[PDB]
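# here come the first chain(s), positioned as in the complex:
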Amino acid sequence: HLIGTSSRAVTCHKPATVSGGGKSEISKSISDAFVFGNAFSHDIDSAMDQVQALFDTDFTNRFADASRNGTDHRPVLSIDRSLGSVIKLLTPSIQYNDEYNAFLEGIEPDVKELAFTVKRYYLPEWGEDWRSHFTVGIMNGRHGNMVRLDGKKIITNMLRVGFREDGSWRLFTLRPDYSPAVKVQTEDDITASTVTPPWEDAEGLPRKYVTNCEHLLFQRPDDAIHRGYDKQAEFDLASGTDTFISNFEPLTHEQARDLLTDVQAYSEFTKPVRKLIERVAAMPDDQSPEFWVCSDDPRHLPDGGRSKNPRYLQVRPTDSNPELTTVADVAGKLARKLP
């Protein structure tokens, strides 16, 4: 699919944030927080009948301003109607009548989600027949509930917003047209800033401009002890050769050869760490370096546990990914008619 990225940056500043308030999280991409589910329907044929009736609805007289009614005649599956257009069309709005907003409230959330799904995947090659591409599977002769597109299950994107009291996740579906925002990190821990009138207009509203005083970030991969979870730290710690690492346990060649055949723990690491364990395990005992660090083994404390403050100097995201940084700079300059 296509991703559209606005060139209009909304630069966010997260100051004066206590420990555990989420200072570094503001520049961390939300794509890794994605949870993937499927679409479930207790009765797909009764659901597609309401979707078909919803498609056959005359949406032209929906606006609160009378001058706007009778101007938009695009059907829902029209090529001239984007996926976002259909989402706004079926969302109660101030611009819509009470006649229409009351009608929108009466649509089942199961039906609204299926209507968006048909819109997302409709191909004009299908013509009038779109129901034949949306079925439910039959398992052991019994009808299933997971909606399928040409046999294949439909995959939905979700994010967690808090936990229930019983500990289970509160998952919520993202809009079909939502895509993770692109973040260009500008600050992490030590920030130098200034306030001036805007550099492009001395008579404008003053602004704050910041830079990062640090060229390497002193990261604490707390949850890297859970193999496969902290993907970034696992890549940072395994794929480098000059990484400054602190509060980790020094591991030996034989320890890497033992972990290589620890099939459970080995299969849980992300691919960068699995590669690192392979390379170390293949080293003869006379080949240097003598030690290596694994992302899931912090420094063993003499008491018995392990250090809760593992650390390493991380290359800044804008330097490890200079291309996307250039794209944002070029795009942001076009947005402001700047050379």
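Perfect, thanks for sending it. Numbers count the residues shown, from 1 in each chain, chains lettered A, B, ... in the order given.

# for the residue lying closest to residue A:144 once chain neighbours are set aside, what are its contacts?
By the measure of C-beta to C-beta, 6 or more residues apart in numbering, the closest residue to residue A:144 outside its immediate chain neighbours is residue A:137, 3.9 Å from it. Just so you know, the C-beta spots here come from the backbone N, C-alpha and C atoms, and that holds for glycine as well. With contacts defined as C-beta atoms under 8 Å, 6 or more residues apart in numbering, residue A:137 is in contact with A:144, A:146, A:148, A:151, A:153.

# same question, residue A:156
Listed by C-beta under 8 Å, 6+ apart, the contact set of residue A:156 reads A:36, A:37, A:38, A:39, A:173, A:174.

# follow-up on the earlier one: closest to residue A:327 among the contacts of residue A:137?
Out of those, the one with the shortest distance to residue A:327 is residue A:153. That distance is 34.0 Å, counting by C-beta to C-beta.

# in which helix or strand does residue A:117 reside?
Taking DSSP states H and E as the definition, residue A:117 sits inside helix A:109-121.

# for residue A:42, give me its contacts.
The neighbourhood of residue A:42, defined by C-beta under 8 Å, 6+ apart, consists of A:110, A:145.

# if any of the contacts of residue A:137 are buried, put those into a PyMOL selection.
Listed next is the PyMOL selection for buried residues among the contacts of residue A:137, using 16 or more other C-beta atoms under 10 Å:
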select buried, chain A and resi 144+146+148
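
# restricted to strands, list the contacts of residue A:137.
The strands in this structure, assigned by DSSP state E, contain A:144, A:146, A:148, A:153 from the contacts of residue A:137.

# could you dump these to TSV with distance to residue A:217?
Formatted as TSV, these follow (distance: C-beta to C-beta, whole Å):
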residue	distance to residue A:217
A:144	47
A:146	42
A:148	44
A:153	40
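
# tell me the secondary structure of the residue nearest to residue A:171 when sequence neighbours are not counted, please.
Leaving aside its chain neighbours, residue A:171 sits nearest to residue A:158 (4.6 Å; criterion: C-beta to C-beta, 6+ apart). When the structure is split into helix, strand and coil by DSSP: H, G, I helix; E, B strand; the rest coil, residue A:158 lands in strand.

# hmm, residue A:158 is touching residue A:173, no?
Yes. Shown here, residue A:158 and residue A:173 form a contact pair, counting by C-beta atoms under 8 Å, at 5.4 Å.

# which residues are common contacts for the two?
With contacts taken as C-beta under 8 Å, 6+ apart, residue A:158 and residue A:173 have residue A:37 as neighbours in common.

# thinking again about what came up before, mind listing what's buried in the helix holding residue A:117?
Within helix A:109-121, the residues that count as buried by 16+ other C-beta under 10 Å are A:110, A:111, A:112, A:113, A:114, A:115, A:116, A:117, A:118, A:119, A:121.

# using CSV, list the CA coordinates for it.
Presented in CSV, the C-alpha positions along helix A:109-121 are these (Å, rounded to 0.1, in the frame of the first residue of the first chain):
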residue,chain,number,x,y,z
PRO,A,109,-19.7,-0.9,15.2
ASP,A,110,-19.4,-4.4,13.7
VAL,A,111,-21.1,-3.2,10.6
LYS,A,112,-19.1,0.1,10.4
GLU,A,113,-15.9,-1.8,10.7
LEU,A,114,-16.9,-4.3,7.9
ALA,A,115,-17.9,-1.4,5.6
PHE,A,116,-14.5,0.1,6.1
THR,A,117,-12.9,-3.3,5.4
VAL,A,118,-14.8,-3.7,2.1
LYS,A,119,-13.8,-0.2,1.1
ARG,A,120,-10.1,-0.9,2.0
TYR,A,121,-9.9,-4.0,-0.1
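
# not counting sequence-adjacent ones, nearest residue to residue A:268?
Here the nearest residue to residue A:268 in space, its sequence neighbours aside, is residue A:227; by C-beta to C-beta, 6+ apart that works out to 3.7 Å.

# next up, chain B:
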Amino acid sequence: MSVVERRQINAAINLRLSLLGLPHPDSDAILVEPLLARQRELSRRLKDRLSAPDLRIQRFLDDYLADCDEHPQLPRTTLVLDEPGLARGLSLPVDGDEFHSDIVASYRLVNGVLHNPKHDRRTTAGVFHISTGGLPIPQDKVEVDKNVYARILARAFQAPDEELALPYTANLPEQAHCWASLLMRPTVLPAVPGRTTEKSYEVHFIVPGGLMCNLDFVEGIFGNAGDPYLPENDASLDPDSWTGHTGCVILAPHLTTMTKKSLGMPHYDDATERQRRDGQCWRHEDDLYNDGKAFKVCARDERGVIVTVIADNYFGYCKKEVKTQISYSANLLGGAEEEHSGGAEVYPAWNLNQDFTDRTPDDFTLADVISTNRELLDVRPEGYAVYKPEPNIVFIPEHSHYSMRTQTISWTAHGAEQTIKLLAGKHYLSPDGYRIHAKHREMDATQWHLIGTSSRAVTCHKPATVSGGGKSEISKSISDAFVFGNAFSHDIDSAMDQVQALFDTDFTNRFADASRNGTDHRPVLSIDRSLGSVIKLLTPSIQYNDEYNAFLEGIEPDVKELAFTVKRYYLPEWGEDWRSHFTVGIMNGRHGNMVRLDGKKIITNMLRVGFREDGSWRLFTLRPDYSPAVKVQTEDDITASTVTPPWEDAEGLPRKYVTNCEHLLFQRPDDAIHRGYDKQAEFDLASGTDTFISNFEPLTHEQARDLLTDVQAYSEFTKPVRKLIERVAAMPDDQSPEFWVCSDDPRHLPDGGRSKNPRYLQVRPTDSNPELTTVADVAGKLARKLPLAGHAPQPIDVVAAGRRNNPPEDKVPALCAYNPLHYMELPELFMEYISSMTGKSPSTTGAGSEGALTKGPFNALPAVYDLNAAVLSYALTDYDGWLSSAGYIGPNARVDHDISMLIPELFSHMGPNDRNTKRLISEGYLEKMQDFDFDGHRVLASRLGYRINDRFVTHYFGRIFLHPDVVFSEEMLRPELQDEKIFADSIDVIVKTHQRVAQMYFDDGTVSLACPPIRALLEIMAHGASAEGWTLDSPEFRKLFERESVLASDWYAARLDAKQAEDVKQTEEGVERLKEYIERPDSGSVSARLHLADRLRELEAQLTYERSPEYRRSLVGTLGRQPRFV
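Chain B added:
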């Protein structure tokens, strides 16, 4: 291949072209030149001297064609391909990557070599021509006059220059024109210890240089026998491994422009009805031979020399001709068969979850395994051993404990508990061969479990299977067919409440044998109770009592599956709070329905069994403990087999032993055009660099770069093809090879479409995964208490022929009366084998026929030879004839090959007694097909034999599927419920085809050669009754097929008398051959090197034994030899 290997082949090629005086590239030479000048001069003094194999061929032609206008003489000077690889290097220009002639387009590829012949497809209509003057000609073949054959064979050696041009020199200032020859030794009789020596016949391919790619093709399949001029390669000087038979194949596409008139064939007015039927006559003087269509002409008789000329270069003709000549040698040799079959040694496997304790019987100990093969074992101090020829095989003491959680194997030895690490990639063999290995799931590399594979092979054999009947699927692994779904629950709380109630059930008083009650007190979630135990615990069984099986039948299917899921994933760490570990997701504030283990969705294994009428897949859940059976492929297309008393017991019931005559498999990846679908083909076509590929489109570097940037198509390929496209895209324009082949782009046809016959030569699975083949052989020998070193063949266990079915269409006949699995007694089985009906090419009377045992187009001999030996291989062995269904079950239940994949898994989970058809019938698992009236006409449905019922499905498919009672609907088990008319029409088509095929045996008179069983069957098929008035129901007719009848018969002893007489004749000929050769004065040097002195004494010892009545008694239980060929 490496650049070094390619320069060595080119160097060997240059030496041989220089010996023949032919032009060759100019690229130490001072060193070999005096040797070359010497060998040339020795060669011109002996010029036009024929090698020993060519002498047996030429002497045959000179005598067989003694009364003809022409007396064809073989090419006296040829380019002899005495080493493997030469034909590969010669089939492409030395300096270029592309070659074009009027018959082939050849390309050097990144992933191998590509050869597109003039015709992309094989045909059968009027293709097999047999010369008169030899053995009888079947009714379906084209009859060619002996004189016309001589004129054809004479013109076959008059080849034009363009056809003689080697591809090796196509870009050189001067080209090399020559004939090329390749000697091969294809297997005809397999080796069975103490029973038969592996015997092969000898074939000599003699083709013009422009057909070099055909020599590379057959050399890869059947091997290279070397320089035929050397005594080491003379089949007659080692007669114990020779069948006494010689084949010859000439390829001459230029024969397609012969006129019938120039060949002296009669005009249509002067020709007989057989000649008019066969096109062996002309009308206009411009009429081409065989009306321009492809053809091969063939001459052979009882002497054992078959000479075939093929006028088409499509590679299928070459391998099928070798198959024909192997079948020709088998019928003339006796005691052997050539089968159009696939097969595999199938070892059943189970998912053993996390913990398993070894259960080795008392007659199997590691102490005995060590002392029997201690020169092969490195005994470790902890008390286990490692197989030194393959260190990944590890022999574990009996009664050991396997744990996946702690990842250990523990036992007691040397008065101490021993613990070793359970490694992934090792094969832990119990003293009886039972294998434990660690594996992670396909959809979750972090989910690990133990796999247990039985060392007790159920060796499956799939013969007489028409095209589309699933012949190759018998050996394909069912792993890639797995469909993965999730666990579903309408209400997980109420379901877990019923599961907890189920766990707190008193299960100890469950048995029908009341003395077995009160003995098992293990809870459901006990460590001492296995996952399979819980499944057997909740599965209705005849071992349980009436009240308990009713209690089980009252368990809802969801609760039963959830109970198994709780048992599958339960951990003793959880204690008694297992409920909290199973929940459903809350999405948008609404409770979901996917059962989740600690938050993660549970993944379930499923298989498709057919399609609904709307096209949707019929998915069915597998038992948690089901794992795909291990399949060691043994056959595919060309099978040499024999029937002897078991090699471990001369008094035992005779068995069949098979081997594959092919070493590369000529695969046709039909569905490779659907990217990602055919994972095996896509891996084979992309991961290689030496693959022989045919009927694919040659692709350029630029086309790889365009495909690399086509995100949709590129992402749909499997990773191997994606990696190949990446590599070719990175290639500059100055880097060779210039071409490559993509698995989804077959050869583009001149008429717009693409070829439907894409082909490549596949390395056999037993050769591409040699470690697993070693594992099965070691495990199988331990299961039989045999030493690890030595040939230990496994007999066939199950014979499950496949059958293609189809619903009726406007011109296609109804062939859809069979249900998933039929059992046929010998009479009904051989009406199927004789007919081999298929909906493809349906004639005017019913349906089409592939001939007897599907060898119709691959048999130069009367089919009745095969039928006599085939009927004996079932009567002498008590082999049951099974018949699986493919394509359709009735007119409306399409199943494709879903059931073909299920048959090996089904039988592998059935023991010997389970598969015994006499108790299956008497216990109500097999229903006899009954005749019925329809529109006043009696529908003879009884010819279909027996079919499985739902009791068979519930009991034996219940060992694979979680809910077996729903895998097959009633319309699928009793297909007449779909449409009675279409069912009656199918039987009518079957009965009418039985008539047409059996009648051919009367038109050509070969029915007079049939044994009494086969003879009366043909009379019944063709006329409605035998000469004695017998129908299929008559007890006198059916008793002819019983074992005690054939053993006590005179026609069987006559086959055993003929067998002993022919073996004595071959040996005494081999004795006179060696005596003569050693008594030559100049042959003393080779007698010392080849140990011909010892070999002659072995022959004379073999001759005395073959003459004794002791050898005649050992022949009882074998197929014998055809007593008369006319």
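
# chain B added, so what about the contacts of residue A:137 now?
By C-beta atoms under 8 Å, 6 or more residues apart in numbering or on different chains, residue A:137 lies in contact with A:144, A:146, A:148, A:151, A:153, B:485, B:616, B:617, B:619.

# how about the strands in chain A?
Across chain A, reading from the start of the chain, the strands by DSSP E fall at A:35-38, A:134-139, A:142-149, A:152-153, A:155-163, A:169-173, A:191-196, A:207-212, A:216-219, A:245-246, A:251-252, A:291-292, A:311-315.

# near chain B, which residues of the stretch 101-250 of chain A? Just list them.
Counting by C-beta under 8 Å from any C-beta of the partner chain, the positions of the stretch 101-250 of chain A adjacent to chain B are A:109, A:135, A:137-142, A:144-146, A:151, A:158, A:164, A:168-173, A:228.

# go with 7 Å
For the stretch 101-250 of chain A, the residues in contact with chain B under the definition C-beta under 7 Å from any C-beta of the partner chain are A:109, A:135, A:137-141, A:144-145, A:151, A:158, A:164, A:168, A:170-173.

# among these, which ones are buried?
If you count burial by 16 or more other C-beta atoms under 10 Å in any protein chain shown, the buried members of these come out as A:135, A:137, A:138, A:139, A:140, A:144, A:145, A:158, A:170, A:171, A:173.

# which non-adjacent residue is nearest the residue of chain A found nearest chain B?
For chain A and chain B, the shortest gap (C-beta to the nearest C-beta) falls at residue A:141, measuring 4.0 Å. Counting by C-beta to C-beta, 6 or more residues apart in numbering or on different chains, the nearest residue to residue A:141 once its immediate chain neighbours are dropped is residue B:966, at 4.0 Å.

# what does the helix holding residue A:117 rub up against?
Here helix A:109-121 makes contact (C-beta atoms under 7 Å, 6 or more residues apart in numbering or on different chains) with A:39, A:41, A:47, A:50-51, A:54, A:76-77, A:83, A:86-87, A:90, A:130, A:134, A:147, A:149, A:154, A:176, B:588.

# what angle sits between that helix and strand A:134-139?
110 degrees (axes from the mean of the first three to the mean of the last three C-alpha atoms, to 10 degrees).

# next up, phi/psi of residue A:309, please.
Its backbone dihedrals place residue A:309 at phi -120, psi 60, with angles given as degrees, to the nearest 10.

# got phi/psi on the residue of chain A most remote from its centre?
No residue in chain A has its C-alpha farther from the mean C-alpha position than residue A:286, which lies at 44.7 Å (C-alpha atoms, centre = their mean). Taking degrees, to the nearest 10, you get phi -90, psi -10 for the backbone angles of residue A:286.

# and residue A:205, by the same measure?
According to degrees, to the nearest 10, residue A:205 has phi -70, psi 120.

# and for it, the neighbour number?
Residues lying near residue A:205 (other C-beta atoms under 10 Å in any protein chain shown) number 7.

# cool, and residue A:169?
Burial of residue A:169 is recorded as 17 neighbouring residues (other C-beta under 10 Å).

# surely it meets residue A:159?
No. No contact is recorded between residue A:169 and residue A:159 when judged using C-beta atoms under 7 Å, the distance being 9.7 Å.

# correct me, but residue A:24 touches residue A:188?
Yes. Taking C-beta under 7 Å as the definition, residue A:24 is a contact partner of residue A:188 at 5.9 Å.

# out of those two, which sits in the busier spot?
Neighbour totals were compared for residue A:24 and residue A:188, and residue A:188 leads with 21 against 15 (other C-beta under 10 Å).

# okay, buried residues for stretch A:317-330 please.
Those would be A:317, A:318, A:325, A:328, for stretch A:317-330 by 16+ other C-beta under 10 Å.

# which residues make contact with that stretch from outside it?
Counting by C-beta under 7 Å, 6+ apart, stretch A:317-330 makes contact with A:182, A:184, A:185, all of which sit outside it.

# okay, those residues in JSON lines with neighbour count next?
Shown next, in JSON lines, are the contacts of stretch A:317-330 (neighbours: other C-beta atoms under 10 Å in any protein chain shown):
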{"residue": "A:182", "neighbour count": "14"}
{"residue": "A:184", "neighbour count": "16"}
{"residue": "A:185", "neighbour count": "18"}
